[PDB]
Structures are given as structure tokens and as C-alpha cells.
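Residue numbers (full-length UniProt numbering), protein chains in the order written: chain H, 17 to 167; chain R, 13 to 17, 21 to 57, 65 to 164; chain C, 10 to 56, 61 to 164; chain L, 10 to 164. Written out below as C-alpha cells is the structure these notes cover.
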Amino acid sequence: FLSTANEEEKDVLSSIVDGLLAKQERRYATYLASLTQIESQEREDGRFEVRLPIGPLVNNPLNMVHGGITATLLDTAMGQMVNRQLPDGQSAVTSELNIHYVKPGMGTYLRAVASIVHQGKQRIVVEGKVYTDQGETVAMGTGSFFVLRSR
Amino acid sequence: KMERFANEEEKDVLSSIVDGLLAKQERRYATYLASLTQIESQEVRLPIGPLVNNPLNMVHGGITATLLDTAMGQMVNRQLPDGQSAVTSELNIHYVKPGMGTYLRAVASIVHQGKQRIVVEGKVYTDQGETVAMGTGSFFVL
Amino acid sequence: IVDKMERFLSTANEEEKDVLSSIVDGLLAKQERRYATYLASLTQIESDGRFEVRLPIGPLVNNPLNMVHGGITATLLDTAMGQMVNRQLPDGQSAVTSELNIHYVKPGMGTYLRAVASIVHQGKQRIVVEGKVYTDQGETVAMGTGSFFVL
Amino acid sequence: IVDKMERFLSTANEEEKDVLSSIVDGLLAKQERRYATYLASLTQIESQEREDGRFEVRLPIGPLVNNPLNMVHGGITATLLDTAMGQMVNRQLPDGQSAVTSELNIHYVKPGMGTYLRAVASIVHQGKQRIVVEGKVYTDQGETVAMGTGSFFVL
Ligand SMILES: CC(C)(COP(=O)(O)OP(=O)(O)OC[C@H]1O[C@@H](n2cnc3c(N)ncnc32)[C@H](O)[C@@H]1OP(=O)(O)O)[C@@H](O)C(=O)NCCC(=O)NCCS
């Protein structure tokens with residue numbers, strides 16, 4: 017059943033499956049990141065960035081990417097980066113997240129870059145920025161992570 | 013639609032995905048997310071499902087923030103004119119306890135209302151009355 | 010030879026003499042162990062039903078616009094939430110400020126500042142606390158949250 | 010009667026007597042108007058723009074700025090970052106414009122210690138509405154005492 021759906025509801029679902037398809041093709045991937053397709057990558061320099069293409073799926077009634085999704089993008093770049101600095105087997109959880117929505121998210125993609133400010137045995141402070149498919153800063157933020165210790 | 017994609024995890028998920036996408040075309044849900052994630056926007067509730075869980079089997083952070091984000095936004099448009107809307111500017115969020123249980127509840131209340139900027143705070147909770155997240159936000163009018 | 014220097018009076022206008030007077034008051038008090046730091050001395054901070066610090070809005074605390082320096086406002090808030098957390102802790106444990114988030118609402122003015130604080134979460138590793146700063150009118154100067162680390 | 014109240018220097022240890030000495034200098038440099046405010050005057054901050062765009066504010070560390078454990082008061086740290094971020098914002102603004110600290114966020118990392126603190130701020134965004142800036146505080150070793158962001162409202 018797909019009869020009634022318009023253009024926008026067309027790919028807003030097409031991609032939902034390219035992802036549910038991609039999430040199957042490999043574990044360790046989470047749902048929320050699977051659909052939005054927040055692809056994490058590493059350049060030939062060793063750098064790291066979590067950019068993602070903008071689709072009607074991520075916008076709001078103001079037609080700009082959801083601040084909350086931009087939040088999640090930054091949270092990821094920062095989360096995945098933190099985990100890298102941890103011994104094998106360990107994980108971190110976001111303690112505090114502070115975002116500064118500089119400019120509106122629009123265009124092809126958003127790009128997120130993170131950087132460790134200070135790493136402690138328990139708490140890790142990180143800064144990070146989200147740019148546009150061009151270069152303007154969409155958001156800037158920092159946050160704190162804790163080395164998970166499940167009871 | 014070669015959507016012949021599968022296990023049970025995906026079974027349930029995609030069921031909400033579509034139960035939710037076709038709840039938007041029937042225009043009962045504002046956005047795709049307020050529906051895709053059954054946001055009981057009316065206070066804002068969040069049905070805790072594997073669709074909203076990170077790899078560590080708990081409500082995803084970006085989510086708990088979006089939940090708080092939304093609650094806060096509405097809360098600021100209730101005090102705004104028909105031709106003016108509030109856009110998040112800043113979002114401070116403290117994660118206190120994992121997002122776990124049947125659902126998440128986010129209550130937001132304005133701390134200060136100015137001609138250009140409004141300050142708001144609010145929390146998120148689990149069904150058993152536990153406090154999940156807590157943060158502040160600043161919204162500019164447009 | 011400070012006394013030689015304290016001829017700052019030979020020219021001192023009224024507030025010049027009144028600011029100096031209050032400074033020496035606080036110090037004396039600092040000796041009578043009324044405070045822990047000189048910061049508390051000169052500022053004159055005095056501390061639900063019990064936890065709310067108050068700071069007298071004099072010239073020693075204002076900025077080039079005759080309102081309390083947001084710096085000091087934040088320092089006051091940090092004090093309210095700071096000693097508020099110390100109370101909720103065993104003799105063997107203490108806490109240092111980890112994260113401080115503040116939203117400035119109205120210019121700090123009047124005869125004093127009053128900040129009330131409350132624990133938003135008491136966990137093994139950190140204690141999150143929210144709090145607000147008020148005028149002698151009840152008007153909100155600033156609202157902010159804070160995270161405290163246990164040591 | 011500030012004089013008859015100098016029974017403070019007759020039960021005052023080196024530190025206490027050392028403090029007031031600075032304080033008097035402060036207040037003294039205050040009336041000569043070498044400083045607009047008492048806070049800046051009593052803390053002796055030195056501010057300046059760097060070759061790059063960033064802004065710098067250093068603050069001498071003395072007993073006057075420490076907390077019960079001879080560590081720079083978290084408040085003076087915040088107030089410093091704020092000061093740096095402010096002067097930064099204001100230097101990038103027209104003569105007929107000004108800015109006021111709207112939001113402030115800080116993450117404490119290492120105990121402020123040594124002989125002086127060095128806060129460094131840089132603009133992250135420059136709207137005509139609000140100005141988002143960012144900064145860091147360093148010890149005299151280069152160790153990061155604290156990191157934080159601040160949004161400023163334009164007037
Ligand atoms: C960040 C954090 C770990 C800081 O430590 P803290 O505040 O001292 O938390 P504590 O360790 O004291 O308590 C954690 C509680 O969560 C519980 N918990 C449940 N599942 C857990 C898990 N998988 N790992 C760790 N704790 C878990 C702990 O058992 C404990 O329960 P309790 O209240 O009965 O003691 C804590 O605030 C937290 O868990 N925040 C949630 C972060 C989050 O949900 N992030 C999502 C995006 S990654």
C-alpha cells in the first residue's frame with residue numbers, strides 16, 4: 017500500500033528502507049542513525065566527521081533541519097570520537113550537551129566535527145561544530161561524557 | 013518496491032514507521048518525527071521503543087534532547103502571536119538517568135519572556151516517576 | 010607601609026571611602042573566621062528555608078553600567094548551588110564545580126542579589142543542581158543549572 | 010573611621026597584610042582611573058588582541074583570587090572567560106553598538122593554579138542579533154583550566 021502518498025512522502029519512505037536495508041547489512045548500527053543515514057567517516061588525513069544529507073525527513077515546520085537532529089549529529093560525532101579514546105570494550109554516555117544554533121540547517125548536507133578538550137579517567141570534555149555542505153557554521157557546542165559503568 | 017528486506024526487530028520497527036508515516040498523510044501528525052516516534056504532543067510523551075534506543079539499550083540521547091526541544095518549543099509558541107514563531111538558539115541538557123521504561127515525559131515552562139528572547143527550562147521523566155534529563159533553552163522570535 | 014598608601018582618602022570621594030570601609034570590614038570578619046576566602050569577605054555574601066546566598070549590590074560588584082557584573086552573578090549562583098551540594102554529602106566526600114550553565118534575564122540591580130538553589134539529581138558520581146538569582150523585588154536576574162563532581 | 014579600624018594590621022599575618030596592600034593599590038589605581046571598575050582594578054587584569062583575531066585576558070594569581078584550597082576560585086575563572094569574550098565581542102562591533110552577556114557555559118577541567126591565568130576567546134558567529142563566542146582558560150604552563158562558550162546580545 018502506497019496509493020495516496022505524494023512526492024514528499026515518496027522518498028521520505030524510500031530512504032527509510034535504504035537505511036533499514038543498510039542497518040541489516042551490518043550490526044553495531046543504531047536505528048535513529050540508520051534512517052537519517054548519519055554516515056560517519058574518516059579522511060585520508062586521519063580526521064573524522066559525521067556529515068549527513070538533508071531530506072524533508074529531518075526538517076521542521078520552519079523548513080530547516082530539526083535542531084534536535086542537529087543536536088543528535090553533534091552528539092554522535094562527539095560520542096563516537098570519545099569512544100575511540102577508550103580502551104577496547106569500554107563505552108561512554110553523554111552527561112551534558114550544550115548547543116549553539118548559529119545558522120539554520122539547509123542545503124545538501126550538514127557536517128559535524130568533534131575534538132577532545134580534556135580526557136579524565138571518568139569524565140571527558142569535548143567541543144564540536146556542525147557546518148553546511150559549503151562551510152557556514154550551523155551549530156557549535158561542547159558536552160561531557162562519562163565512562164559507562166553498568167551496575 | 014524491492015522492500016523485501021529480515022528479523023523481528025525490523026518487523027516491529029517498520030510497522031510503526033509506516034503506522035506513523037500514514038498517520039501524517041491523514042494529517043493527524045504535524046511532522047514526520049512527532050509521528051514516527053509517536054510523540055504524544057498534546065506535555066509531550068515518548069513511547070520507548072527500540073526505534074528510540076542507542077546501541078546500549080537505552081533511549082538515545084539526541085532523542086531525549088529532541089523530546090525536550092519540542093516540549094520547550096510548543097511551550098514558547100503558546101505565548102507567541104499567530105504570525106510569530108520561536109526558534110531554538112541555545113540548548114543546555116543534563117542527562118541524569120538512562121532513558122528506560124515504557125515511555126518518557128517532558129514538561130517545559132517559560133523562565134522569562136522578552137521581545138526577542140524567551141528563556142525556558144524543562145525536564146524529562148520515565149513512567150515510574152524518575153527524572154531522566156533536565157535542561158534550559160533560549161528561543162528567539164521571528 | 011599600607012597606611013602610607015591608604016591616603017587614597019586624601020582625594021577619595023564618598024563611594025571611594027565607603028568601598029574601602031566595607032572592604033576592611035569584611036577582612037576583619039575574615040579574621041574572625043566569618044568567611045573562608047577573601048572573595049567572600051569583600052563580596053559580603055551571607056547564607061528549603063535555609064539555602065539561598067545573598068550578595069549586597071555595591072560598587073565593588075557593578076560593571077561600567079551600574080549593574081552587577083554577570084561574572085559575579087554567576088559566582089553567586091555557583092556559591093548557592095555549591096554549598097547546597099556540600100551539605101548533601103558525607104564527611105568523607107566533597108564536590109567541585111564541573112559544569113556551569115547560566116542564562117542572564119535582567120540587569121542585576123537593587124540593594125542586593127538573592128540566589129536560591131535545588132538539587133536536580135543526586136548520583137554517585139555527580140550532583141546536578143538548578144537555581145535562580147533574584148532581585149530585592151523578586152524579579153529574575155538569571156536562571157541556570159550546574160553540575161558538581163564528587164571527590 | 011577606616012583608620013581606627015586598622016586593628017587589622019595588628020593580628021594580621023603576612024598574607025592578610027599582603028592582601029590589603031594589593032587591595033589598597035587597586036582602589037588607588039581605581040581613582041586615578043587607570044581602570045573603569047573595582048573588579049578589574051583589584052584583580053589587575055591585562056587585556057589585548059592577538060596577532061590572530063582572538064582576544065586575551067590574563068589575571069595574576071594571588072591569595073585574593075584563590076578559594077579555601079589555594080585554587081583559583083571557579084568564579085574568578087568564569088568572570089575571566091566572560092571578560093575575555095566580552096572585550097572580544099565589543100572590539101568587533103560598531104562605535105554605535107554594544108553587547109551584553111546573554112548566555113554563558115563553562116566546563117571546568119583542571120584547577121586554576123600557578124602565577125596567572127590566561128583566558129583566550131574567539132568569535133564563533135557574528136549575527137546582528139546575537140554574537141556567539143568561545144574561549145579557554147590556561148595556566149602559566151599551557152594547561153587548560155577551563156573551556157566554555159558564551160552568547161551575547163547586541164545593543
Ligand atoms: C552520565 C551519568 C552516568 C553520570 O553518573 P551519575 O549521574 O552519578 O549516575 P549514577 O552512576 O550515580 O547512577 C546511574 C543509574 O542508572 C542506572 N543504570 C541503568 N542502566 C545502566 C547502564 N547500562 N549503565 C549505567 N547505569 C545504568 C544505574 O544502575 C543507576 O541506577 P540507580 O539510580 O538505582 O543507582 C548518569 O547521569 C547517566 O546515566 N546519565 C544518562 C546518560 C544517557 O542516558 N545518555 C544517552 C546518550 S549516550
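Note that beta-carbon positions come from the ideal geometry of N, C-alpha and C, so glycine has one too.
Beta carbon of residue i nearer than 9 Å to that of residue j
{"i": "residue 58 of chain C", "j": "residue 35 of chain L", "result": "In the structure shown, chain C runs from 56 directly to 61, leaving residue 58 of chain C without coordinates."}
{"i": "residue 155 of chain L", "j": "residue 87 of chain L", "result": "yes"}
{"i": "residue 52 of chain C", "j": "residue 73 of chain C", "result": "yes"}
{"i": "residue 143 of chain R", "j": "residue 143 of chain C", "result": "yes"}
{"i": "residue 38 of chain C", "j": "residue 93 of chain C", "result": "no"}
{"i": "residue 134 of chain C", "j": "residue 112 of chain L", "result": "no"}
{"i": "residue 126 of chain R", "j": "residue 70 of chain R", "result": "yes"}
{"i": "residue 161 of chain C", "j": "residue 98 of chain C", "result": "yes"}
{"i": "residue 20 of chain C", "j": "residue 96 of chain L", "result": "no"}
{"i": "residue 158 of chain L", "j": "residue 158 of chain H", "result": "yes"}
{"i": "residue 114 of chain C", "j": "residue 114 of chain R", "result": "yes"}
{"i": "residue 89 of chain H", "j": "residue 163 of chain H", "result": "no"}
{"i": "residue 128 of chain R", "j": "residue 68 of chain R", "result": "yes"}
Three-state secondary structure assigned by DSSP to residue i
{"i": "residue 38 of chain L", "result": "helix"}
{"i": "residue 96 of chain L", "result": "helix"}
{"i": "residue 107 of chain R", "result": "coil"}
{"i": "residue 70 of chain C", "result": "coil"}
{"i": "residue 84 of chain R", "result": "helix"}
{"i": "residue 115 of chain R", "result": "strand"}
{"i": "residue 25 of chain R", "result": "helix"}
{"i": "residue 48 of chain H", "result": "helix"}
{"i": "residue 89 of chain R", "result": "helix"}
{"i": "residue 11 of chain L", "result": "coil"}
{"i": "residue 132 of chain H", "result": "strand"}
{"i": "residue 54 of chain H", "result": "coil"}
{"i": "residue 30 of chain R", "result": "helix"}
Exposure label - residue i; buried when at least 16 CB within 10 Å
{"i": "residue 54 of chain C", "result": "buried"}
{"i": "residue 14 of chain L", "result": "exposed"}
{"i": "residue 62 of chain C", "result": "exposed"}
{"i": "residue 18 of chain C", "result": "exposed"}
{"i": "residue 32 of chain C", "result": "buried"}
{"i": "residue 178 of chain H", "result": "Only positions 17 to 167 of chain H appear in this structure, which leaves residue 178 of chain H out of reach."}
{"i": "residue 56 of chain C", "result": "exposed"}
{"i": "residue 145 of chain C", "result": "buried"}
{"i": "residue 58 of chain C", "result": "Placed between 56 and 61 in the numbering, residue 58 of chain C has no coordinates, as chain C goes from one to the other without interruption by modelled residues."}
{"i": "residue 166 of chain H", "result": "exposed"}
{"i": "residue 43 of chain C", "result": "exposed"}
Contact list for residue i against chain H, beta-carbon separation under 7 Å
{"i": "residue 160 of chain C", "result": "112"}
Listed by chain order, chain C residues near residue i by CB distance under 7 Å
{"i": "residue 138 of chain H", "result": "138"}
Contact set between residue i and chain C, taken where Cβ atoms lie within less than 9 Å
{"i": "residue 156 of chain R", "result": "133, 134, 141, 143, 158"}
{"i": "residue 75 of chain L", "result": "46, 47, 48"}
{"i": "residue 180 of chain L", "result": "Nothing can be reported for residue 180 of chain L, as the shown portion of chain L is limited to 10 through 164."}
{"i": "residue 70 of chain L", "result": "Simply none; closest approach about 13 Å."}
Per-residue contacts from residue i into chain H (C-beta, under 9 Å)
{"i": "residue 88 of chain R", "result": "82, 83, 84, 85, 87, 88"}
{"i": "residue 91 of chain R", "result": "82, 83, 84, 87"}
Contacts of residue i in chain H (Cβ-Cβ under 8 Å)
{"i": "residue 9 of chain R", "result": "The displayed coordinates of chain R run from 13 to 164. Any statement about residue 9 of chain R would go beyond what the structure contains."}
{"i": "residue 153 of chain L", "result": "133, 134"}
Residues that residue i contacts on chain R, provided the C-beta gap is smaller than 7 Å
{"i": "residue 25 of chain H", "result": "36, 40"}
{"i": "residue 20 of chain H", "result": "40"}
{"i": "residue 78 of chain H", "result": "107, 109"}
Chain-ordered chain C contacts of residue i [CB-CB under 8 Å]
{"i": "residue 20 of chain R", "result": "Here chain R is numbered 17 followed immediately by 21, so the structure offers no position for residue 20 of chain R."}
{"i": "residue 118 of chain R", "result": "133, 134, 136, 141"}
Within-9 Å CB hit, residue i to chain D
{"i": "residue 125 of chain L", "result": "Considering every chain present, this structure includes no chain D. Its protein chains are H, R, C and L."}
Residue i: contacting residues in chain L (beta-carbon distance under 8 Å)
{"i": "residue 109 of chain C", "result": "83, 117"}
Per-residue contacts from residue i into chain R (C-beta, under 9 Å)
{"i": "residue 61 of chain H", "result": "In chain order: nothing, as chain R lies at least about 27 Å away."}
State whether the region 134-146 of chain C contacts the region 101-112 of chain C, with contact taken as three or more CB pairs (one from each stretch) at a distance under 8 Å.
yes
With contact counted as at least three CB pairs below 8 Å, one residue from each stretch, are the region 145-154 of chain R and the region 116-130 of chain R in contact? yes
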